[PDB]
Structures are given as structure tokens and as C-alpha cells.
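Peer 1: The structure follows.
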Amino acid sequence: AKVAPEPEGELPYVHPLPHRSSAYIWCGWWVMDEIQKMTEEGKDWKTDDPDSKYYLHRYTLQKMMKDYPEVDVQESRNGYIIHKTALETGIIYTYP
Amino acid sequence: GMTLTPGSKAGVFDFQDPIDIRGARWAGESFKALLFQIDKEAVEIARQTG
């Protein structure tokens, strides 16, 4: 509903992939765990917690899914490329 | 053509495209994707020139 406030610049690089209207960026396990922490108390990962210790990778992903309909974001725990609607929920594979 | 993965860019091998590198993580396995692509390309010469 709302817009995540803009945290200055230095946005992590998102690789354009017009081959399938997709995009690739390496986030890491800390973000994929943090966002997994985000969607467990009813909270939001698209725009909530603007003063986060790891807000930057969260803010870019939100714009990236708007720019690209089938984003391809890869973690490091297993290195899987979860897609845009696979990134929609915030629950990746397992765990509470 | 016959050497193309269906989700690739059909003429360029991209070291940042997970379809091109078959989901390889790290440089250590990202390069062997290029190796396999070179092999895949070579046989196509054998199929066309005979």
C-alpha cells in the first residue's frame, strides 16, 4: 500500500535480464533469514522497519520486483534462485 | 539452436545469468559452466559440417 522511504543511494546492483523479463542479484543468507524473520509476527518486508540494520538489500528487492515480473534472487545457505512470486511470501524453504 | 538453453539470450554467455551457468554458485563452479558450454558448442560443428 505504502512506499518504502528512500534510503539515500548506493543501491546494490541488480542485473537486468530482458531474456525473460527477469533480474539477478546476490542477497545472502542474512537477508533471506532476516526477511524470514520479518514475515513471522504479521510484519512486512517490502516497506516496514526503515531503520533496519539490513534495510538496503530489502528496499532494492522491493523495487526490483516492480521493475521485473520474475526476479531471480539467490541466497547463500543453498544458493537457490527464488522467483518473484516465490519471493512474495518470504518463507523460502523450511523453518520457523 | 540445438546448443541453446531455452531461457538464455541465444548468442551470448552471461556469467551473471543463472540459466546460462546452470545455477552455479561461486566462481569455482561458475567457470565450469563455460567449459560445458564450449563442449556443447563444439559438437554442433560436428552435426553441421559433418
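Peer 1: Gaussian network model of chain A, Cα springs within a sub-10 Å range: biggest mean-square fluctuation belongs to which of A:72, A:51, A:33?
Peer 2: A:51
Peer 1: Summarise the partner chain shielding of B:12-22 as one whole number: the mean count of Cβ atoms from other chains within 10 Å of each residue's Cβ.
Peer 2: Details: counts 1, 0, 4, 1, 7, 7, 8, 7, 2, 0, 0.
Taking the mean over all residues of the peptide, I get 3.
Peer 1: Based on the mean of other beta carbon atoms within 10 Å per residue, what is the order of B:6-13, A:81-88, most packed first? Can you show the working numbers first?
Peer 2: Working: B:6-13: 11.9, A:81-88: 16.2.
Top of the packing list down: A:81-88, B:6-13.
Peer 1: Under a Cβ-Cβ cut-off of 12 Å, what is the net charge of the residues other than residue A:35 that fall near it, where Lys and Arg count +1 and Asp and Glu count -1?
Peer 2: Values: positive: A:37, A:43, A:46, A:58; negative: A:33, A:34, A:40, A:44, A:48, A:49, A:75, A:88.
Residues close to residue A:35 contribute a combined charge of -4.
Peer 1: Let me ask something additional. With a/c under 1.5 counting as rounded, go ahead and sort the protein assembly as shown into rounded, prolate or oblate using the C-alpha gyration tensor (a ≥ b ≥ c being the square roots of the eigenvalues; past the cut-off, prolate if a/b is larger than b/c, else oblate).
Peer 2: In terms of gyration-tensor shape, prolate.
Peer 1: Now, a different point. Quick one: grab the alpha carbon gyration tensor of the stretch A:44-96, order the square roots of its eigenvalues as a ≥ b ≥ c, and give me rounded if a/c is under 1.5, else prolate or oblate depending on whether a/b is larger than b/c. Display every interim value, and only then the final one.
Peer 2: Details: a/c = 1.70, a/b = 1.17, b/c = 1.45.
Here the stretch A:44-96 falls in the oblate category.
Peer 1: Could I ask something else about it? Mind giving me the FRET efficiency for residue A:39 and residue B:2? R0 is 30 Å, r the Cβ-Cβ distance, nearest 0.05 is fine.
Peer 2: On the way: r = 43 Å, r/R0 = 1.44.
Efficiency, from the Cβ-Cβ distance: 0.10.
Backbone-built Cβ (ideal geometry, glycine too); neighbour counts: all protein chains shown. Coordinate-derived values only; no laboratory data.
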